[PDB]
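Listed in order, the protein sequences are those of chains G, D, A, I, F and E.
With the authors' numbering applied, the first sequence closes on residue 99, and no number is skipped along the way.
With the authors' numbering applied, the second sequence closes on residue 99, and no number is skipped along the way.
With the authors' numbering applied, the third sequence closes on residue 99, and no number is skipped along the way.
With the authors' numbering applied, the fourth sequence closes on residue 572, and no number is skipped along the way.
With the authors' numbering applied, the fifth sequence closes on residue 572, and no number is skipped along the way.
With the authors' numbering applied, the sixth sequence closes on residue 147, and no number is skipped along the way.
Quick reminder that beta carbons are idealized off the backbone N, C-alpha and C, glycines included.
Note sheet for the following structure.
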Amino acid sequence: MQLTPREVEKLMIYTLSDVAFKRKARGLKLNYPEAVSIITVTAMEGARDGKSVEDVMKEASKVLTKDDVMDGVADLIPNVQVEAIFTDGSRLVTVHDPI
Amino acid sequence: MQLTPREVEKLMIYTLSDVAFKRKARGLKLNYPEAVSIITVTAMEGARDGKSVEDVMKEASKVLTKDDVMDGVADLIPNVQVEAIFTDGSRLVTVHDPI
Amino acid sequence: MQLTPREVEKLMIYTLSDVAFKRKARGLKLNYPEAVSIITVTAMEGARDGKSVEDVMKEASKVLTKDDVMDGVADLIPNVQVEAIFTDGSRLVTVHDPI
Amino acid sequence: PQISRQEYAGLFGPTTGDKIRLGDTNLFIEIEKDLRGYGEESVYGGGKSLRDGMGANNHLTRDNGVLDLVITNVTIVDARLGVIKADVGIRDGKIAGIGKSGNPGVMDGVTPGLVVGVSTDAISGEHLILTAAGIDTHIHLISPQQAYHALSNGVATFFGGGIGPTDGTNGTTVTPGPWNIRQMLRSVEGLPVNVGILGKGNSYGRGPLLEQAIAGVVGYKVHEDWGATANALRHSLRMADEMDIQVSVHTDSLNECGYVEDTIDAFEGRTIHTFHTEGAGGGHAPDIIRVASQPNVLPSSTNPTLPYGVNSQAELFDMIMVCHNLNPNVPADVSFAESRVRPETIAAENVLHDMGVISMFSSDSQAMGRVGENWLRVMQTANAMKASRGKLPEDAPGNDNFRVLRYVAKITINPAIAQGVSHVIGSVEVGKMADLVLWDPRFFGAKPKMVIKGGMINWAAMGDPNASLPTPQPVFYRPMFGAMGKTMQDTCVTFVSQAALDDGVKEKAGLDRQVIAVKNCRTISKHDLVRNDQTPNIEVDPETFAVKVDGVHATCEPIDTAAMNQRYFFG
Amino acid sequence: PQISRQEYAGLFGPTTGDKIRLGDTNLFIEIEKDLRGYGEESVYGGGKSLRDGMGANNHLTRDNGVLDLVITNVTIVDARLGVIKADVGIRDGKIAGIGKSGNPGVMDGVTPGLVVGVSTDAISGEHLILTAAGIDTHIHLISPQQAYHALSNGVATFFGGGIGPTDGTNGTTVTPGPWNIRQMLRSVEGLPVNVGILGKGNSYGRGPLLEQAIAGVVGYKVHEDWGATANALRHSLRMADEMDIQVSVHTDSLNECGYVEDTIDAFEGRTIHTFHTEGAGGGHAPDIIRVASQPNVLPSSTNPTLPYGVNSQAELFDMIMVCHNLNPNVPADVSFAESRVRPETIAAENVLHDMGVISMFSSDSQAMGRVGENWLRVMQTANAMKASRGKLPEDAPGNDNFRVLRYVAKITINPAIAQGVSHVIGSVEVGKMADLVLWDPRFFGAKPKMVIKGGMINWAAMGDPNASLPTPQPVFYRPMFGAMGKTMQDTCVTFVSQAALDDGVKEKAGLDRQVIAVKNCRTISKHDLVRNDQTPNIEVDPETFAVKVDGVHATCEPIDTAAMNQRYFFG
Amino acid sequence: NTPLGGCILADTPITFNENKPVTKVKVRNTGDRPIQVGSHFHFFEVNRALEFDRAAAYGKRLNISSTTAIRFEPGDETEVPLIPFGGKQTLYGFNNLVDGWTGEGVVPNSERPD
Ligand code: NI
Ligand code: NI
Ligand code: NI
């Protein structure tokens, strides 16, 4: 596999996304790390599916609303950054206020 | 996310819980780390759901029986400790002999 | 759990197998780390199920074909090595060209 | 010209009269003063005040004043004279000045001990909070990873003892004998925090204590497991007088040698540090809190009891069986715990913190205490006591500064005063060491951005190192340049007694870390402790364990939902 | 007074006559002796014997006897005179005494070298097993992480060679030339284990070997890849005589220079260490076990073959192609492997360990061997040989001590004797270094609780550092204070030759680690190896590779399910 | 048979140090709080609240197994057997009442009052 440190640390963020989606299935208001986990995974999966930077930014904003998270989580997240591997290479994904 | 080391190490324990309930689905006798993994996740999920220390201790004892684990796993587990984040804060969860 | 370093590093390889199986479900050509992830987990799961070294080697070769992976992934994988815990102990699993 | 405070707050941050909410709590902190002339605000960035001939200057670094680092206008939260907005200066790993930064040659009202030049590297002080790093007086040296979890919550100083995961260390903070002391002073070379080793204070002779003082111990430790006898304390105090160090006590909870009033007679009114003054961790059951009424005492507290929760009663009945290896089948072991799990003193402990009686806050890490939840559990108690007891007569009519300044003093300046390291570390004052913590008010008391130690960042929040910025996920805390190579040792301090320093422990033990001797441990009292100088009368009922302070029952109802926990943490 | 052994075992642990089951195996170990007068048992805890004026004492440390650490009542498993219950004392990183601890002034029958005082920090010895740490004579220095996996199974000593992941190192344990030796002696400064570097023993001249001796090697290495010629061995042994060091051999599997008869004549009856005496790892095929019949030889074995499993045949046919870069398409490369995969010698190897012929155990890490399963695979073979061959005539009628004492000797005292470090470490004896391992009998041979190195805990089982105890999950092994700062170097030993020690390798190479020289390598024989002094007659059939020992076919049927593997491990 | 890591103890009870004198004494807790005294604690140098024949406890510890302690509740009167210390019988600390030796015992025992 020859997993570089950038690839190894991108697995602990995926482990949290399965817990975020599993808690969403039971009907729970996501916290700060859980909300950012499920927001960042859509950018990595979007880049894997071959989606453009414009599409993944707007798609990452339409994942969760204010009723899907706890009271005050939207106030402390005015921006969400993450780097994903696209067809052309590694590109930044800035989501200005997804809730 | 600003994941503190206490949060980062709590992901490797959840990675094992998915392998423990996947092996339980196929009908396999769980070993020492797998048994403790699915015992500890119910305390973390219980604390996330807002369950009290009394409820999660008794619920963690009624997850697996002696027939659900390998011969001798109950003898080496007279106690199971783990810290989970409750509504009031981080609290200890001691399960005296769950099998 | 008393997880030795050999057991801790075997969780990051499991985290990738769930992403490989999830991308396979959507219909995506697996890359080098994803292909090797889903190849190695069948050896660890095979060893857990009690399958012999002969069975897991041949079973690991019949998981994916050239159409299930990206163009050129078969050329850079003439061999796949991994160690799994069998009923008799830890044993090597060499899969000479699974595609 | 004139502009609204909304656009000013969005760039330069708050000022005089602006109130800041501390996360999801009900506490608001107002700025008492702004030490800057409006118009010449110093900030770094593309085409901003800090450039050649504007904020910088052509003069040399030797001109005492050129800073090595500057925090561009931040809201300080100090216990001496905090809740102020000012530019803080760093030079030689110490706080140079607190006021206004820039070039005095082209800017009016620049503070003399605060000038930006060619040697300064700025920090974005705006929209953030600055404070002195936390100190933990009860640390069982069970694991070295413990420091990473502590430093990940704003605790850059440790005080305690131990070898490793030995049952002896698991229950008592001791590094006994010169051999163990030297090995631990040398193991601490690979740690990114200040350390103060405590020796065993259990002896009838003067000699065994003298051996540990000259070896390099900041104080002594008297545990019930090693025998908290009247002679063990008398001799530990007698030696602490002639050595100028602090003794920490975990009194006999069995009431074997005597009662609580007999151990106070054995103290002979000499200054002493009392761990877990409530009683969960240890001490003469039931009336331990009674010790916090005398002035010589320096009361501290473990953090698993604070804040007082609804489910706290259940967890501690099983927790008590592992720390001091008590059996659940022996009647003398379980019946002994029935008294120590008293819930009336835990609620009293929480209000005594608000009244200003329990002068400081510790943990008792991996032995009935959490090291990575200290600053958090302080602010959690502050939210509960404001919501129940309301604003104090000393507290202002429109802000909760007095309570926060009183509560931050328990983890910053008071533990430093207790262990004789006030002059080194404790408060954000001029001439002191640069051991500071930075957090957003949104994540105050739980998750800091950076942790400056000796003018260099030791630990901080960091994203993907391969990424184009430091903010991209996964953002988990990692060791920085202040915790790498020889700079970790330079920026960290191995505290010892003067005897050890004079003998030459740094050379004999070969310590590349900084070595500062502790002092002013014995003459200090509760009046010298900041914002917690009260010595009230006490009356404790021994049957039902009810606590009455000045003829008034001290208690409070438990809370189910506390401030900042599942909303920020994951596990 | 009188009390039952059930309540005594629940507090103070077992004693004379009590048998302990070693995990899920069929082996039971009985206590041969209890070195304590019943009544004054020393244990630490809340209100127990070890307090001021009871177990402790007012006298100073310098009174030779005050321990730095004591293990309160543990079941020792030593090969010299093990399976005993006694208090073990630690002082100056060495074993002070083994018997009874406490204060002789108020307790009767306290051993003179064993006294608890103000300098002692106790360990919960009860309900646990103590032993000497393991040694691995075949270690390819391919990765430094290898040590963490080794130390995570009770192996605190390494012996071998290498630079890093070079094909040269991947197949041979060599650090060739003074430059490479120096760089490796200096890289080992950041390792938490004892190390013994082996040089290349392939030369016709005396000089190239002398350069490596004085550089700082504990011995030489003769590999088939670098040429295992009669002259390479003769000159390696000639130099090993005058230098007092041990040569390790991996004989020519191709039978190029000569047969097994040619190599033993080239040895000239001089003491030598033979790696993989079975033949999977290497050595002139087929009759490589035949070398075990000579007394000068010190036979060791790799651990992928032990225990002999049903599926062991398949993995070896492919594993052999990577370690010594053999191609699967060349006929000369695959046809020589057909002989080396012989399954009759693997079953003989397992029976020869029971008979006491193969005197020690190694691994051959990351090159046909696993470093983190040595103690495990020793106990796995012990379970298989008891279940098949039954109790020995020398073994007792009611316990399996003789087999366990014979098998623990293969990893503890015998490899230390072979490499001339018996006096430093090997057995739990007085005056030796404190390199000890602690495990529960439930998790014996697989997962230890702690690993004491030079009197300090180097590695141990640890939970969440932020938690209120060391037991909460996730419990994964992490480096302790004995592996932090300058204490890692102090507690670890860089073994070298006398020639190097007298030359001043510690000063020339600048080694902050402890430097002890190896001695008594040449005069030793098979009789000096503990519990494995057999030199039986041997007859090997060259066609079908059948092995007959003293006119009796040595073999055994393979096993499908081995003891302790899936039940405890995850991966 | 026994479980993994278990102990097959022999059917024989342990005998605790014989040929040592025994002294039975009635101890009553006068104070309103509970007191628990450990095996090797010196009874003569205990709390003044406990009312008993103090002179009979010279250099004598409890006659129970080591480690273990027996609890006394407020008011409750309990009989306790006492055993002398071993070796040189030289004890130090506790409450500075004696800090010396107690095995003189030359015919009727005398010297050192409270
Ligand atoms: Ni304590
Ligand atoms: Ni080899
Ligand atoms: Ni090898």
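{"Item": "Could you please give the first and the last residue of the uninterrupted beta strand (DSSP E) stretch that includes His251(I)?", "Value": "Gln247 to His251"}
{"Item": "Please report the residue range of the alpha helix (DSSP H) in which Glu339(I) lies.", "Value": "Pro332 to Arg341"}
{"Item": "List the endpoints of the continuous beta strand (DSSP E) containing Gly162(F).", "Value": "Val156 to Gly162"}
{"Item": "Counting only C-beta atoms, is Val36(G) closer than 7 Å to chain D at any point?", "Value": "yes"}
{"Item": "Going along the chain, which residues of its own chain have a beta-carbon closer than 7 Å to the beta-carbon of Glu374(F), five neighbours each way excluded?", "Value": "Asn154 and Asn304"}
{"Item": "State the Cα-Cα distance for the pair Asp49(A) and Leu28(D), rounded to the nearest angstrom.", "Value": "8 Å"}
{"Item": "List the whole-angstrom C-beta distance separating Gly432(I) from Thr492(I), where the pair is believed to meet the contact cut-off of C-beta under 8 Å.", "Value": "About 17 Å; that fails the 8 Å criterion."}
{"Item": "Is there at least one Cβ from chain E nearer than 7 Å to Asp97(D)'s Cβ?", "Value": "no"}
{"Item": "Taking contact to mean 3 or more Cβ pairs, one atom from each stretch, closer than 8 Å, check whether the region 38-54 of chain F and the region 70-88 of chain E are in contact.", "Value": "yes"}
{"Item": "Can you list the beta strand (DSSP E) stretches of 3 or more residues lying completely in the region 461-506 of chain I, in chain order?", "Value": "477-480"}
{"Item": "Just to confirm the assignment, what range does the beta strand (DSSP E) spanning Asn74(I) have?", "Value": "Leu70 to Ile77"}
{"Item": "Which residues, in chain order, does the region 2-13 of chain D contribute to contact with chain G at a C-beta distance below 9 Å?", "Value": "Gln2, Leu3, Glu7, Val8, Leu11 and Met12"}
{"Item": "Excluding the five sequence neighbours on either side, which residues of its own chain have a C-beta within less than 7 Å of the C-beta of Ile525(I), listed in chain order?", "Value": "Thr272 and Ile418"}
{"Item": "Considering only DSSP beta bridges, list what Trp134(E) is partnered with.", "Value": "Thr123(E)"}
{"Item": "Express the C-alpha separation of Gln213(I) and residue 574(I) in angstroms, rounding to a whole number.", "Value": "Nothing about residue 574(I) can be read from this structure; chain I reaches only from 2 to 572."}
{"Item": "Checking contacts by CB at 7 Å: is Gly373(I) closer than that to chain D?", "Value": "yes"}
{"Item": "Would you call the region 68-86 of chain D and the region 26-41 of chain D in contact, with 3 or more CB pairs under 8 Å?", "Value": "yes"}
{"Item": "Taking only beta-carbon positions, decide if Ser143(E) is within less than 7 Å of chain F.", "Value": "no"}
{"Item": "List the residues of chain I whose Cβ lies closer than 8 Å to the Cβ of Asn96(E), in chain order.", "Value": "Under the 8 Å cutoff, chain I gives no residues; its nearest Cβ is about 16 Å from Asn96(E)."}
{"Item": "In whole angstroms, what is the alpha-carbon distance linking residue 575(I) and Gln420(I)?", "Value": "Only positions 2 to 572 of chain I appear in this structure, which leaves residue 575(I) out of reach."}
{"Item": "Any chance you could list the beta strand (DSSP E) runs of at least 3 consecutive residues sitting entirely within the region 191-246 of chain F, in chain order?", "Value": "199-201 and 220-224"}
{"Item": "Could you tell me whether the region 100-120 of chain I touches the region 149-169 of chain I, using the rule of 3 or more Cβ pairs below 8 Å?", "Value": "no"}
{"Item": "Can a CB atom of chain F be found closer than 7 Å to the CB of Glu59(D)?", "Value": "no"}
{"Item": "Are the region 397-404 of chain F and the region 175-187 of chain F touching by the rule of at least three beta carbon pairs closer than 8 Å?", "Value": "no"}
{"Item": "Please name the residue, chosen from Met481(I), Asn312(I), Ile96(I) and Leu51(I), that lies closest to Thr562(I) on a Cα-to-Cα basis.", "Value": "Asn312(I)"}
{"Item": "Is there at least one Cβ from chain F nearer than 7 Å to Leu76(D)'s Cβ?", "Value": "yes"}
{"Item": "So is the beta-carbon of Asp168(F) under 6 Å away from any non-hydrogen atom of ligand 3?", "Value": "no"}
{"Item": "Please confirm if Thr26(I) has its CB atom under 7 Å from at least one CB of chain E.", "Value": "no"}
{"Item": "Run the proximity test for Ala229(F): is its beta-carbon closer than 6 Å to any non-hydrogen atom belonging to ligand 3?", "Value": "no"}
{"Item": "Are the Cβ atoms of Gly446(I) and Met380(I) separated by less than 7 Å?", "Value": "yes"}
{"Item": "As a quick exercise: from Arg92(I), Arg63(I) and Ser120(I), pick the residue whose alpha carbon is nearest that of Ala57(I).", "Value": "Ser120(I)"}
{"Item": "Can you pull out the residues from the region 30-47 of chain F whose beta carbon lies closer than 8 Å to at least one beta carbon of chain E?", "Value": "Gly38, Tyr39, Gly40, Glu41, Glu42, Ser43, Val44 and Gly46"}
{"Item": "Could you work out which residue in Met565(F), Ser498(F) and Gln567(F) is closest to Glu243(F) when comparing CA atoms only?", "Value": "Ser498(F)"}
{"Item": "Would you be able to state if there are at least three C-beta pairs under 8 Å between the region 44-54 of chain E and the region 329-347 of chain F?", "Value": "no"}
{"Item": "Which residues mark the beginning and the end of the beta strand (DSSP E) in which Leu95(E) is found?", "Value": "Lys93 to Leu95"}
{"Item": "Name all residues in chain order for which at least one heavy atom of ligand 3 lies closer than 5 Å to the residue's CB.", "Value": "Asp365(F) and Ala368(F)"}
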